[PDB]
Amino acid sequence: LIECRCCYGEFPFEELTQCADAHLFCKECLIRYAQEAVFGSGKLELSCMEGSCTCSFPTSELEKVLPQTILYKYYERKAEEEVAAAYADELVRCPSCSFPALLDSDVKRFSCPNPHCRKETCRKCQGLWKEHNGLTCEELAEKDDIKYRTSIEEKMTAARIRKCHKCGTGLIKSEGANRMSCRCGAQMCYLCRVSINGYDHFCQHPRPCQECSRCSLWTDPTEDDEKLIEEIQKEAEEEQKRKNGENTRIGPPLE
C-alpha cells in the first residue's frame, strides 16, 4: 500500500519507481512528468520531483518506465537544447528534409547536404533558389497562388507565435505577465520579442508611463496582434483581387 508522493495514489512496489535518493513515485506520474518535460512546458533534466533531492531519476529507471517514443523524443530534445547552448539560434532545417545545418546568418543559399535531399532553398521564404534568382521573396511569392497564400498564412502565424532565441520554439501566453521563461531556460518579452536579462526590462512605475520607455509587464498584445493579422489578411485579399485576371480568402475567420 505504498503511497506515491506526486499523485498520492496507493500502489504496490512493482508499480513504482525511484531516483538516486530512493524517493518513491508511481510509474504513471513519472510518465506524465517526462511528458510535461518533453512535449510540454518543463525542464529538460528529469530531476527527482522532490525539492530535497538534488539527484534525478537514473537513466535505468527511465529506460525501464518511459515508453520508447517518449525516451527517443527526450534524447532528441536534449540534443536540441545542447545545440541551443552551443551555436544559439543559428541552426536551420531544410524545408524538404528538415536536415539541420549551421550558416553564418548572412547567406541565404541553404543547399541541403543530405545526398537524399540536396535542395537549394532560401532560408527567408523557404523558396527554391533556382527560381529565386533575380527576384525577391515578395516577387517569388506573388508569382504563384500556392506560394502567396502560404506566405500570407505564415505572416499571420508569425504575427502571433513568438520564437525563442535559444531553442527556436514557438510560444504564446495563456495568461499573466509579459515575461516568458522558455522550457530551455531563456527569458524573453511578449511585447518586443527580445531576449530579456531579467525584470529590469519592464516598467515598475504605477503612479501611461512617462518616466521610462520600457515595455509594460501586464499589457495584453492580443488585440494589437489580432488587428495586424486581420490587416494582413485584408491587404492580401486586395492584392490578389488587384492582380487577378477576373479571378475569384487567405486565413481563418477573424471573429
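Throughout, we count residues from 1 along the sequence that is shown.
Counting the unmodelled positions of the deposited sequence between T248 and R249 gives a small gap of 1 to 3 residues.
Mean CA B-factor, 198-206 versus 65-73: the higher value falls on 198-206. Between 158-166 and 113-121, the higher mean Cα B-factor belongs to 113-121. Looking only at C184, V107, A141, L171, the residue with the top Cα B factor in the deposited structure is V107.
Ranked by Cα temperature factor within the chain, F99 sits in the highest third according to the deposited record. Annotation for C48: CA B-factor lies in the highest third of the chain's modelled residues. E211 sits in the highest third of its chain by CA B factor, as recorded in the PDB entry.
Sort the modelled residues of the chain by CA B factor and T222 lands in the middle third. Sort the chain's modelled residues by C-alpha temperature factor and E81 lands in the middle third, per the entry.
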